[PDB]
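[1] Fold the following for me, if possible:
(9 chains)
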Amino acid sequence: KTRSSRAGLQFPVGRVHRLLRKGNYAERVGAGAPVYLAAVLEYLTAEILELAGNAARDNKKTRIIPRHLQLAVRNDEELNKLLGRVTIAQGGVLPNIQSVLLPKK
Amino acid sequence: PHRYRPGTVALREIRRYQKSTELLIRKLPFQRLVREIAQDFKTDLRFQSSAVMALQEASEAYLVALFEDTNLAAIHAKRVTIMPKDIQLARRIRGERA
Amino acid sequence: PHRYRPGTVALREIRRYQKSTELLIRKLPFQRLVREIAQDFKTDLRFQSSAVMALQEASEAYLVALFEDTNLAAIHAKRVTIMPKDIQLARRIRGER
Amino acid sequence: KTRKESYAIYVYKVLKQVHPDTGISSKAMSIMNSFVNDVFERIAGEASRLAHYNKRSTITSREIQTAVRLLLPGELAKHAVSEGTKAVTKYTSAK
Amino acid sequence: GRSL
Amino acid sequence: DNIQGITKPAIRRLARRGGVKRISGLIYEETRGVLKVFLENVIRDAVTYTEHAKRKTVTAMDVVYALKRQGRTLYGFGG
Amino acid sequence: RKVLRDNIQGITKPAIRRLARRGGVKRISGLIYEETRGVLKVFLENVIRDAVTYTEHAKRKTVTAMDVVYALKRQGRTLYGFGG
DNA sequence: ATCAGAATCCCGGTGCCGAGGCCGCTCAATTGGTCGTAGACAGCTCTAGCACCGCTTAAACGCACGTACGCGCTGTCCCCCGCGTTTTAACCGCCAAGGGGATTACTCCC
DNA sequence: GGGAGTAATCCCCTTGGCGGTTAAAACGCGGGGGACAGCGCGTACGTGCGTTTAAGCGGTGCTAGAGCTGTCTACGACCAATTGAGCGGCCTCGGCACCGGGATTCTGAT
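    Numbering: from 1, shown residues only, chains lettered A, B, ... in the order given. Here you go, the structure:
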């Protein structure tokens, strides 16, 4: 029935279409535009959540928390490049000590 | 008495504060600072607490990132100790200071 | 006769090429480089003459700006000679990959 | 009370595909809702310019596809374009 | 690899 | 001044998270100055959005739209 | 109707020196030259990939100055006078 | 090498308040239709991009030379760290109250 | 013909004060090791110039294709009626937070 079920998507094609219209991004929005964009947003959502789920498992947690989103983003090459100008609340930083600082003896 | 050698505990502090995600500046001192600065732009502004929390997250994330670049600038000078010239170089190469 | 010591004309060159706005890379070698790179992205592309000049103006501006940041990194190390680690620092602090 | 829409249910639906036993905190959910809103605005804002530069009134799936290839890096663009093309293919094949 |  | 409420040990903790092993005593006055300049620029923008809405309360969204205009997007505060 | 290779070496050593001299560089270690070639090639790859994407979307075969201007604008390295 | 001390880690027990499910309702997705214009596309044309020759000489190259500056090592001085003690005020639970965000109606202007 | 100026209302939320505690900050002190100034040398950078390369100029040819105009109709915008998806709210309980205990693994001095 609904366009998301036609596209095979979880993300809301109809709402993406509404936002494309009301954002004034163009005088008109083609019928394939929200289907394609919803599929891209769903993919990127799945890509982060896949990695964050693994980061959660590595911390024995069952619930993803911002720590795991920061770990998922910053450990992944393309996602770190996509989110290079993004700061994540409560994310922290990657564990990283410059090798010259370690107590070589 | 037992005593750790210089820098041994600094490394433990690095490990600790890179594990944790807690905000490292105390909230009330930062909030009073935000209000002090805001009072220069408009008299008797009010802030949502989530607005002050947003400003703190941005401020700590910015300073933490700047210290990482400062650390590299110090190490590049073969130093272990970061110094104002390291902050100024980082700020300059970032283009924050023209 | 006369014979300059090393680094004496370098200052003259620093003055000359800052005052001179002209493009410093040979135009035809750069054009072949552009086409070589473009040939990876699409076969049988064509380039407007002004498009190649636009790329060269940007590329020389980019490299000059990076060499300024590189020179600061060298000076920060208390070196005169710039070195690859100075480029890598400048690029890293810019956040380039 | 005034009603505020968000992507929360859809991120959760996707989460239960990738990691059925995993949950997500409301702070992490707020971040994921922010992420989707940001990436939406980037692609739509680029596709708008791609339409404008071509003097064309419509944002189509073709404007989205180029915007994705411009914005997303590396393999992430390649997979995203694959998912987008498959979705539009399936959608236009619907009755 | 990557998902989906 | 309230800027001195950004105490030395707090700046050190930020430096420790930044991976800094050893901190010169001059770093503290530098870091206060840098932070004060950073906050001034972000608050100026946030106040502008607040005054454009003719509000008196600065909201979190005014800050997020400031940070995004500053090129420094923040995820997690509803933006 | 040709294939091109090794043209990065056409960015001559004295040309790189001239750019560095304009950048105020007083003295240049010889390892800078291969380093600068790599950096330039990475820069050109990013800009040309975008310009080709704009060109393909316009369904053109000729890369125009506008495609380069937009590709540079995407980096924040906007180049003026060539148009908008 | 070995040992004592500090610190971090792993483990089990307690418990609470946030995440997940369920409800119900309302407003926004969608279905079916008409309209009309965006743009697909086909045909033309004449710009300018590619190719080639060939002459000139600006620029690149390579090899010599030497000297200047990279950096390796060393010594000294004082600045930072670690930490024991004293002091401050951050925190927070409570409570007060009233500003103004937000929502409504009324209406008149663009 | 509907955006929005605006006036009246609620009551969320924000500011503010206070009292206890005690976690964190401020301070002093000792000395380790780091910063950095000297000096030595050697290697690798710059300047010179004779030789070589091919960039540049100009000319000329052509045809790919950028760009422009005409015609059609597939497409998307507007609309009214219908429906259930998505929301706010309510509630439940187990994942996570915390304490406390023992294990062990690092640190550094002897």
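[2] by contact count, what packs against the helix or strand hosting residue F:37?
    Using DSSP states H and E, residue F:37 falls within helix F:27-52. Applying 3 or more CB pairs under 8 Å, 6 or more residues apart in numbering or on different chains; DSSP states H and E, we find helix F:27-52 packed against helix B:27-41, helix B:49-76, helix B:84-94, helix F:8-17, strand F:57-58, helix F:60-69. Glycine gets a C-beta too; all of them are placed from N, C-alpha and C.
[3] Now do the last one: everything it contacts.
    Defining contact as CB atoms under 8 Å, 6 or more residues apart in numbering or on different chains, one finds that helix F:60-69 is touched by B:48, B:50-51, B:53-55, B:58, F:42-43, F:45-50, F:53, F:73-74, F:77-79.
[4] hmm, which of the residues you listed are the buried ones?
    For the contacts of helix F:60-69, a neighbour count by 16 or more other CB atoms under 10 Å in any protein chain shown gives the buried set as B:48, B:51, B:53-55, B:58, F:42-43, F:45-50, F:73-74, F:77-79.
[5] thinking again about what came up before, run the angle between the helix holding residue F:37 and helix F:8-17 for me.
    For helix F:27-52 against helix F:8-17, the angle by axes from the mean of the first three to the mean of the last three CA atoms, to 10 degrees is 90 degrees.
[6] and whichever residue of chain D sits closest to chain G, what does it touch?
    As assessed by CB to the nearest CB, chain G sits closest to residue D:66 within chain D, at 4.3 Å. Residue D:66 makes contact with D:47, D:50, G:53-54, G:56-57 under the criterion CB under 8 Å, 6+ apart.
[7] Name the nearest residue to it, sequence neighbours excluded.
    Computed as CB to CB, 6 or more residues apart in numbering or on different chains, the closest residue to residue D:66 that is not its neighbour in sequence is residue G:57, at 4.3 Å.
[8] Roughly how far does that neighbour sit from residue A:34?
    Per CB to CB, to the nearest Å, residue G:57 is found 19 Å from residue A:34.
[9] Residue D:69 too?
    18 Å.
[10] same question, residue D:21
    From residue D:21 to residue A:34 the distance is 32 Å (CB to CB).
[11] neighbour count winner among those two?
    residue A:34 (30 against 8; other CB atoms under 10 Å in any protein chain shown).
[12] which secondary structure element contains the more buried one?
    Going by DSSP H and E, residue A:34 is part of helix A:32-58.
[13] Number of residues surrounding residue 11?
    By default, I'm working from chain A. Each residue near residue A:11 was counted by other CB under 10 Å, and the total is 26.
[14] not quite, I wanted chain D
    Close neighbours of residue D:11, defined as other CB under 10 Å, add up to 26.
[15] so what's it up against?
    Counted by CB under 8 Å, 6+ apart, residue D:11 has contacts A:45, A:49, D:24, D:29, D:32-33, D:36.
[16] from those residues, which ones fall inside helices?
    Of the positions in the contacts of residue D:11, A:45, A:49, D:29, D:32-33, D:36 sit in helices, assigned by DSSP state H.
[17] Tell me the one of those nearest residue D:42?
    Lowest distance from residue D:42 to the ones in helices among the contacts of residue D:11 (CB to CB) belongs to residue D:36, with 11.0 Å.
[18] Surely that closest one touches residue A:41?
    Yes: using CB atoms under 8 Å, residue D:36 is in contact with residue A:41, at 5.4 Å.
[19] Those two: who's more crowded?
    Of the pair residue D:36 and residue A:41, residue A:41 is the one with more neighbours under other CB under 10 Å, namely 28 against 22.
[20] Surely that one and residue A:12 touch.
    No: in terms of CB under 8 Å, residue A:41 does not count as a neighbour of residue A:12; the distance is 9.7 Å.
[21] Point me to the residue of chain D nearest DNA strand H.
    residue D:23 (2.6 Å; CB to the nearest atom of the strand).
[22] looking at it, that residue is touching residue A:53, isn't it?
    No: using CB under 8 Å as the test, residue D:23 is too far from residue A:53 to be in contact (9.8 Å).
[23] Next, show the common contact partners of the two.
    The overlap between the contact sets of residue D:23 and residue A:53 (CB under 8 Å, 6+ apart) consists of A:64, D:15.
[24] So for those two, which residue has more residues nearby?
    Set residue D:23 next to residue A:53 and count neighbours by other CB under 10 Å: residue A:53 wins out with 23 against 17.
[25] Next, count neighbours for the nearest residue to the more buried one once chain neighbours are set aside.
    Nearest non-adjacent residue to residue A:53, counting by CB to CB, 6+ apart: residue D:19, 3.7 Å away. Around residue D:19 there are 19 other residues, counting by other CB under 10 Å.
[26] Could you tell me which residues of chain A lie near chain C?
    A:81, A:84 (CB under 8 Å from any CB of the partner chain).
[27] need the strands for chain A, in chain order.
    Listed in chain order, the strands of chain A (DSSP state E) span A:28-29, A:63-64, A:87-88.
[28] distance of the residue of chain D found nearest chain F from residue B:50?
    Residue nearest to chain F within chain D (CB to the nearest CB): residue D:34, separated by 4.2 Å. Between residue D:34 and residue B:50 the computed distance is 13 Å (CB to CB).
[29] Could you pull out the residues contacting both of these two?
    Counting by CB under 8 Å, 6+ apart, the common neighbours of residue D:34 and residue B:50 are F:77-78.
[30] check contacts around the residue in chain A that chain F sits nearest to.
    Nearest residue of chain A to chain F (CB to the nearest CB) works out as residue A:89 at 3.1 Å. Counting by CB under 8 Å, 6+ apart, residue A:89 touches A:66, B:54, B:57, D:27, D:31, F:74-77.
[31] Try it again at 6 Å.
    Each residue near residue A:89 by CB atoms under 6 Å, 6 or more residues apart in numbering or on different chains is listed here: B:57, F:76.
[32] With residue B:89 instead?
    So residue B:89 contacts B:73, C:76 (CB under 6 Å, 6+ apart).
[33] that older thread, most tightly surrounded among the strands of chain A?
    When you average the neighbours per residue for each of the strands of chain A (mean count of other CB atoms under 10 Å in any protein chain shown), strand A:87-88 leads with a mean of 24.
[34] Adjacent strands (with direction) for that one?
    When pairing is defined by DSSP bridges, strand A:87-88 lines up against strand F:74-75 (parallel).
[35] Up against chain C, what does chain B have?
    B:69, B:76-77, B:89-90, B:93 (CB under 6 Å from any CB of the partner chain).
[36] From residue F:1, how far off is residue A:44?
    Relative to residue F:1, residue A:44 is positioned 45 Å away (CB to CB).
[37] And those two? Which one has more around it.
    Counted by other CB under 10 Å, residue A:44 and residue F:1 do not tie: residue A:44 has more neighbours, with 24 against 9.
[38] and the closest residue to the more buried one other than its chain neighbours, which of the three is it?
    Counting by CB to CB, 6+ apart, residue A:44 lies nearest to residue D:39, which is 6.0 Å off, once chain neighbours are set aside. The assignment at residue D:39 comes out as helix when based on DSSP: H, G, I helix; E, B strand; the rest coil.
[39] follow-up on the earlier one: share the number of residues neighbouring the residue of chain D closest to chain F, please.
    Look at residue D:34: counted by other CB under 10 Å, it has 23 neighbours.
[40] now residue A:76
    Using other CB under 10 Å, residue A:76 has 18 other residues around it.
[41] now residue F:65
    Other residues near residue F:65 come to 16 when the count uses other CB under 10 Å.
[42] out of the strands of chain A, which comes closest to residue D:58?
    Across the strands of chain A, closest to residue D:58 is strand A:28-29 (CB to CB), at 5.0 Å.
[43] And the contacts of the closest one?
    The contact list for strand A:28-29, computed with CB under 6 Å, 6+ apart, reads A:20-21, D:57-59.
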